[PDB]
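Below is one structure, written out as structure tokens; the observations come after it.
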Amino acid sequence: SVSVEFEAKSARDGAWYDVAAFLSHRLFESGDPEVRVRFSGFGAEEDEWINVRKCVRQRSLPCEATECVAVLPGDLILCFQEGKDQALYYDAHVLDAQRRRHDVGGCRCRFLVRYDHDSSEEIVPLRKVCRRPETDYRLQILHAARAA
Amino acid sequence: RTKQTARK
Ligand SMILES: [Zn+2]
Numbered sequence: 131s132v133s134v135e136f137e138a139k140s141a142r143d144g145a146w147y148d149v150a151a152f153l154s155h156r157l158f159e160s161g162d163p164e165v166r167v168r169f170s171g172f173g174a175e176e177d178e179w180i181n182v183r184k185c186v187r188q189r190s191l192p193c194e195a196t197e198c199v200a201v202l203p204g205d206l207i208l209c210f211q212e213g214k215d216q217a218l219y220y221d222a223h224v225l226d227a228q229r230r231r232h233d234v235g236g237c238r239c240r241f242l243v244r245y246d247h248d249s250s251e252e253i254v255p256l257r258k259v260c261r262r263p264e265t266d267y268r269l270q271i272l273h274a275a276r277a278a
Numbered sequence: 002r003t004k005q006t007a008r009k
């Protein structure tokens, strides 16, 4: 048994949000089915009709301090863009990574990222980075390389 | 695996 959670992209800001529930569905003749979404930590007034195929995906994963080795240049990640009036998760691509020795606080690595939507670039810590679930594959590979 | 709290 493996849990599968989802995140959906809002038409309001183009950011991704955790899905708490799928409330209903609607189908069109021209395609692209849509699903009514209740967002985690948001009321009913924020419910939204979401394009299922292009704006709903498997949930991005907040990184363990160990899992920094699964964040590589070229990757798509879900990155927390924190501003003065707004702080949202946006799709970004890793351009480079400065990997430094960990400490008691955990990961000390820095990642240069570029947000897909505004082309802005930012240096972020691992705590602001969410991995695409498929990168677990990499980790699994790494786990196979261990000693028995 | 808790995410940061998004602020719109
Ligand atoms: Zn690290």
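For the record, the sequence lines run as chains A and P.
Per the entry's author numbering, the first sequence starts with residue 131, numbered consecutively.
Per the entry's author numbering, the second sequence starts with residue 2, numbered consecutively.
Idealized CB from N, CA, C, for every residue including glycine.
Annotation for A:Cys239 indicates a beta carbon within 7 Å of some heavy atom of ligand 1. Between the segment 166-179 of chain A and the segment 212-232 of chain A there are fewer than three C-beta pairs closer than 8 Å, too few to call the two in contact. Taking all protein chains shown into account, A:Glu251 has fewer than 16 neighbouring C-beta atoms within 10 Å of its C-beta and is therefore exposed. For A:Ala145, the chain P residues whose C-beta falls within less than 9 Å of its own C-beta are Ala7, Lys9, listed in chain order.
Taking 8 Å as the CB threshold, A:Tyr219 lines the interface with chain P.
Contact fails between the segment 262-276 of chain A and the segment 147-167 of chain A, because fewer than three Cβ pairs, one in each stretch, are under 8 Å apart. Apart from sequence neighbours up to five positions away, the residues of its chain that approach A:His232 with a beta-carbon distance below 7 Å are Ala195, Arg238, ordered along the chain. In the DSSP assignment, A:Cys209 falls within the unbroken beta strand (DSSP E) covering 206-212. Here the alpha carbon of A:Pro255 sits roughly 23 Å from the alpha carbon of A:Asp143. Against chain P, the beta carbon of A:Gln270 has no neighbour under 7 Å; the closest one sits roughly 17 Å away.
In this structure, P:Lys4 places its C-beta atom within 8 Å of the C-beta atom of A:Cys260.
Between A:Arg240 and A:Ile253 the beta-carbon gap is near 5 Å, inside 8 Å, which marks them as a contact. Classified as exposed, A:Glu159 has fewer than 16 neighbouring CB atoms from the shown chains inside 10 Å of its CB. Partner residues in a beta bridge of A:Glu135, as assigned by DSSP, do not exist. The closest CA to that of A:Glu137, considering only A:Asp248, A:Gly161, A:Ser154, A:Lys184, is found on A:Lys184.
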